[PDB]
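First the structure, in the form of structure tokens, and then the observations on it.
Protein chains in written order, with the deposited numbering: chain J, 2 to 205; chain F, 4 to 51, 59 to 200, 204 to 234; chain B, 4 to 231; chain C, 2 to 272; chain D, 2 to 235; chain A, 6 to 249; chain G, 4 to 230; chain E, 9 to 124, 132 to 242.
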């Protein structure tokens, strides 16, 4: 499968005025490992993080196109883009390739600076979105991740508690997957600050 | 004159001047003659340092030109191509009346649009098909005339005056007297006629379109 | 035809753009006033004769649910800009799922004016616009001219009676007006320059408030005219 | 229709292109614009027209992208224009698009002289092909790059460009160019440059006191680099300082206008 | 798409658009080339000295490939477009034939681009004359000139732009075969100062040798100018 | 120069547009349309000067579709070219949206065709006024209401209670203005409306009319279709006028 | 007087002068007449010969465009021939696409539309011919004329060219409801022999055609014995 | 003012007449045909002593058996000669034989006439000289796209003079020596400067070998001395 060739996984969770987003570090060619230091998160502005999984050449190409459109937006509009408009933009770029798709599956997390409202989105590879209020996941260990979050997530967590739950979900799922691992990186975003942490995992 | 610059401007008396001026290119070309009897057509032309004035268009048809040679050649390539397609599709000779119609129609497209120039050349087209011998004259305005005898070019009024006296006797003439009447008409538009400045061409019943060699033309000059 | 009709002249002037601007300044009078919680635009619609149906004459247009416009100058030229503006608003919603900001819509319009001052085979547009709308940065009122230049205003006027109207607004305008006091002020400013009797049938009014743009009906406008 | 063609791209009889000369005359009628190269940056200053009370703000969310006269092209390049305003917007969009495509392809910033050369080629094209009037614009460009450091270029209506330590375009450009030729020196700071710019605009406008409402000032300078996320980019390397284009507000100019009035009152005293 | 005919014949065989282009060239700054034994010099007048100009001057002698340089006279913006075309052709040639392009073949490509501009509907000629010089892969030097009509010729020394005809008469007398790198630099500076006023920072200069190119610095140039200003007093 | 192509004159005007309006009167005929309570009517002069012409082949009225009619006034072949473009437009609309085009929408589309030629060089303006007639439905109650819309050479598009176009239009409009002051035209019956339109024609031409000198069109609440009115129905309106 | 150099410009009075000038070419050409009987339609035209040495049929002015319809050209013949081609194409389109012989009124309106379009654009000139169209399809016998402006009308009888004022006078003394196609040929030929001017044009002949019941609604030249 | 396609009232195209004037202001070129061989020669005319005369060749090879001399605008001529070269190699590719001289003249004239696309005609006439199965030949091409065979001809500024020297001395039967000599005589007369051996070009194509030979400086001098 083309979506599992390169490896990697991503998860995002919502809390009370915060979110956490996490990725694994592996880059491979099927079962061969090329590097153990390739996180899959991209910071778009202070309020928005994008996680991309799928084939690595299309992650690199698609994220460069998104950064180019975002730069021209800021000069035309003289403001930062917000999370709902960013996901609509990404969905429109994927559907433009409806009949010859980009092999990527984006996860998007954002927080409205003013209100404190959190917005999550996950898309398939031709741009169909799903916008739950709890968590979104994608990548090679998606089925396991989806079940870990259903068991551990609960409403109204603060930054530090929500971090613990997301790290445990990512490490348990990666331990049952050959194509994702070597620890994880996480971003914790509030209205006021953005923290980043490196999580220790297994080395196989 | 405010109306003499473009093909797309009518004058206040209903004339098209650029088309009258292209027609003067023809009248200052070197003279050419054509004649026909019941079963032949003859063309003769003053070709004086040899300048090509007669062209074969297919087995059954050819022409003489007067005026701009590069326009002559462009029409020759068009008619050649048309006759080749007709024979490919039907296995027979392209009928002479249809050749004369497509040529007329191609001249006219070049007198109605600003991105085209009129053709500055006159043709005498001679051929032989299932309905007999035919002789047509075409001019830059797009008109096409079907003739028993005519002449075009410099001093071609004298040639036309000579043909008006004799033409009514041509149906009964044989091929040899018909060739002679054509040279005496061309002589009236003129140094004298030798085998090195005069072309003779023939087409007809049992005779594909051909240009006499210098050997064969000796018999008449 | 594919050559340019607008060209520079010895002192550096583009005269076809001035002549087009003269055509805009001979249209009938339109104006606009920005309050602290909305915007009003208004225009005269006098017909030439009572054989014309008044109702169908439009001087004020909806461009989308949050923004609208009025014009002075050549009406058929304005229709071309109104169609292009409507289309741009919908294209922006398809891509970002939110309303096009008024700043971006004005720039789109301005670049369409600029093309008709340079391309081959065309003359410039002969109308000025007033655009009024609401977005995340608040309420806005802009003017666009045949050159493609645009300005943001607190209050202004375009057309024949535009100098006297701008002098009258300069006196009566304050930074603390409510929306309803602005509708009053706009209708009073028109009445000054109006030749004849202002009626609810020969004038037209639009309003931005609570993030929406709406044309007044004839009936709504009658209530406001009976108070002034 | 061909008899009404004005022949905009045709040479005339001394090798002259008349539309290009006439568009240059339009520039010389526009608001004055000044540029100054210092050791801490580039300064750009412009006269604004007379200030009506009924004017409004666009109320844009980020204030350092565009004023009336100054525009950002990329993080390391800004400009200021004189001439036909809607023509300037068309070329500004072309420059923005060019500079950001380079960054897409090479993932590094476009060189300042390279951006200037693309812009001028877009002007040259309209003087040679295609039967329409040329653009009627002149730009001052300010940039920083790793090859030559701080730079200031000027572009004209023919598609020529040149490099300058200080320059002026618009209305009173012979007066401004004379004052700069006197008071410019190789060892100026950013703040000394801003004062030297306000005094030159002061003179050409011809007012004893500088109105803070009739001026605009922008700077291209280097500021401390921000975040350095080595967790998300393990091989990303930033330097200590990055270029920034900034449009000065009325609360940053207040002290610098004072210093420009004192030096004006001590130059009227010696006389 | 504008497709009007711009360059046409007039009644005595003249092409006026081409002669006007040749007038723009004669108004332009003066440029000179000189072929020696094993070097080629290019020297060009500059607009003027100012206090406000930036010390790092914009170059008006262009590199087309490692081994070929170009100087010009006429409209500077038209010349930049021609330089761009010739840079692409040098690389297209390596891609197709592997070898480096010969100088005479690159000169033919440039002349053909100029000639086409005098016969294409919808466009005017380039108002530019060029001097092009280089070394082949066997160390032999070439120096060529092209005009706005597309006519090309090879020279031992040549001048273009304003007062071309004066500088060319001076050079006709004094030129000698087989000169040294330093004797050539002298000869070129001397020829330029028939047209130009001073010799301070109103000259740029390039020295091209088999496998080395040099934009001369201000210090080395000052030395050569004073040596020449001394000999002009005699 | 401003006299020969579409560019502005110094006073802000377009001369080729003014001159295209003189082409409308140069043609020498007069048209009048009027809307009453339940219908819309159009009366145009039928001129057959030559005794050898076949009168039923000369018409200024045409159907765009079943339910919309036009009357051309001005340069006749120019008007026939706009009938063909309008027919094409109404048929594209029906393909795209699946319903017949409303008369107000069609008039606006033809008005845009005209505006394009005032702004691009090289194609002549069409020297006609086109009048469009038809019934249109309200969204409230679903009732049908008659309409008249005129489109001129500048690209202006407008609706009328009644209109006269052509030679002596100034005098015929004055006349309808007077009559309007008595009773608004939307209260009138067909017969009363018709007597006002025929009286205006006669007053402006300064002549008497037979049924063969006018051709008449009609749409009504009763029958939506645009149809020619029979000569016998016209005779009886003229008879009724000659009395009073 | 710059207003008369192209067909894309109105004059101040609302006229298009290039189209008027094109009409003057038709008014100086040879005369044509036609009549619509109860059986059919007859057309006749005068050919001015330029030489006594022409073959018969040279420079024919009358041409079939379908089995049941024909055209006669007045004014400039090569311009007329371009219209004949267009008409042939419209008649074929009607048979191939709609499976009908083109009705006479439709054929005339397409010819009008085609001629009008050359009065609108700076790069073309108006045609210098008027066309007489004669047809007998499922709409009965029909006779129409289209001129250089693109204006189209139907007639019972008509005359064109330099003899038209007199010829019209003589067509007004015919009875159109009663006349047959054999009588018509005699009357129409007489009118053309009488208006011929013997000073200016020395050599001429007549060309005549019809479509009627006698011919089985086939458009054709009349046999040369009936003159 | 008046367009590129306009005819004059005596039936000539103006741009073609003017292009022919530009050729009469050229350097002088000529050719002479004998039964043994064909000879072509040109005045070089360099602008200064600083020019390498090698770089200014007025005589070009098209293929082994054909060569050309040009007059008028040099840069325009290089476009035509590139076309002639490409045609002569296409003929070898497809038919495995050399192209005839007359066919190559014809191909060059089909390019020279495509203007109305190019803004103007080429201001060039060529003399083409070669050998094929009909022996030694000399053809002239000109801006009207006409091609003509000649026995001796000259083109350029000294043309009118050289046709008086030909009308005296040229007979159809000369030798290689008499023609070589007649060439350098005509040049001496009609030139401006004094005639050296590095100021003219000569070439021959002989029936014997059928290849083109361009004479060196050494061999030209033998022909100056023989005078």
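Backbone N, C-alpha and C fix where the C-beta goes; we use that ideal spot for every residue, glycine too.
Q | Cutoff 8 Å: residue 11 of chain A Cβ touching any chain B Cβ | A | yes
Q. Which value, in whole angstroms, describes the spacing of the CA atoms of residue 234 of chain A and residue 34 of chain G?
A. 40 Å
Q. Between which two residues does the alpha helix (DSSP H) carrying residue 196 of chain E extend?
A. 191-205
(Q) Contact defined as beta carbons within less than 8 Å: I believe residue 161 of chain D pairs with residue 43 of chain D. What is the distance between those atoms, to the nearest angstrom? (A) Rounded, the Cβ-Cβ distance is 11 Å, inconsistent with contact.
Q: Taking residue 62 of chain F as the query, report the chain G residues whose CB atoms sit under 8 Å from its CB, ordered along the chain.
A: Here the premise fails: no neighbours, minimum Cβ distance about 27 Å.
Q) If you run the structure through DSSP and keep just helix, strand and coil, what is residue 201 of chain C? A) Here residue 201 of chain C sits in helix by DSSP.
(Q) In whole angstroms, give me the CA-to-CA distance for residue 27 of chain B and residue 38 of chain C. (A) 44 Å
Q) Nearest-angstrom Cα distance between residue 33 of chain F and residue 79 of chain F? A) 11 Å
(Q) Let's test the definition: count the other Cβ atoms within 10 Å of the Cβ of residue 86 of chain A and tell me whether it reaches 16, buried, or not, exposed. (A) Burial call: buried.
Q. If residue 79 of chain E sits next to residue 34 of chain E, beta carbons under 8 Å apart, how far is it from one beta carbon to the other, in whole angstroms?
A. 4 Å
Q. Could you give the distance in angstroms between the alpha-carbon of residue 220 of chain E and the alpha-carbon of residue 187 of chain E?
A. 17 Å
Q) Who are residue 198 of chain J's beta bridge partners in DSSP? A) Beta-bridge partners of residue 198 of chain J (DSSP): J:187.
Q: Please state if the CB of residue 118 of chain C and the CB of residue 55 of chain D are separated by a distance shorter than 8 Å.
A: The answer is no: Cβ separation not under 8 Å.
Q. Quick one: what's residue 73 of chain C bridged to in DSSP?
A. C:79
Q: State yes or no: is the C-beta of residue 41 of chain D within less than 8 Å of the C-beta of residue 209 of chain D?
A: yes
Q: Run down chain G in chain order and give the residues with a C-beta less than 7 Å from the C-beta of residue 173 of chain A.
A: The premise fails here: residue 173 of chain A is roughly 16 Å from chain G at the closest Cβ pair, so nothing lies under 7 Å.
**Q.** Neighbourhood of residue 163 of chain E by C-beta, 6 Å cutoff - its chain only, sequence neighbours within 5 removed
**A.** 155
**Q.** chain B residues whose Cβ lies nearer than 8 Å to that of residue 144 of chain A
**A.** Result: empty, since nearest Cβ-Cβ is about 15 Å, beyond 8 Å.
Q.
Can you tell me whether residue 62 of chain J is buried or exposed? The criterion is at least 16 other CB atoms within 10 Å of its CB, across all chains shown.
A. exposed
(Q) Please state the DSSP three-state secondary structure of residue 9 of chain A. (A) DSSP, read as helix, strand or coil, puts residue 9 of chain A in coil.
Q) So residue 179 of chain C is in the beta strand (DSSP E); what residue range does that whole segment cover? A) No beta strand (DSSP E) holds residue 179 of chain C; the alpha helix (DSSP H) holding it covers 174-184.
Q.
Using C-beta distances below 7 Å, list every residue in its chain close to residue 113 of chain G, excluding the 5 sequence neighbours before and after it, in chain order.
A. Within the same chain, Cβ atoms closer than 7 Å to the Cβ of residue 113 of chain G are found at 93, the five residues on either side in sequence being excluded.
Q) Taking Cβ positions, are residue 70 of chain B and residue 8 of chain B nearer each other than 8 Å? A) no
**Q.** Beta carbon proximity, residue 187 of chain F to chain E, threshold 8 Å
**A.** no
Q: Output, in chain order, the set of chain G residues within a Cβ distance shorter than 8 Å of residue 21 of chain A.
A: 12 and 13
Q.
If I follow the unbroken alpha helix (DSSP H) through residue 113 of chain C, where does it start and stop?
A. 113-127
Q) So, residue 63 of chain A versus residue 53 of chain A, is the Cβ gap smaller than 8 Å? A) yes
Q: Please look up how many angstroms separate the CB atoms of residue 169 of chain C and residue 181 of chain C, rounded, as I've assumed it's under 8 Å.
A: Indeed, because the Cβ distance is near 7 Å, the residues count as touching under 8 Å.
Q: Show which residues of chain C have a CB atom less than 7 Å away from the CB atom of residue 77 of chain D.
A: 161
Q. If we call anything under 8 Å between Cβ atoms a contact, is residue 227 of chain E one with residue 40 of chain E?
A. Taking 8 Å as the Cβ cut-off, residue 227 of chain E and residue 40 of chain E do not qualify as a contacting pair.
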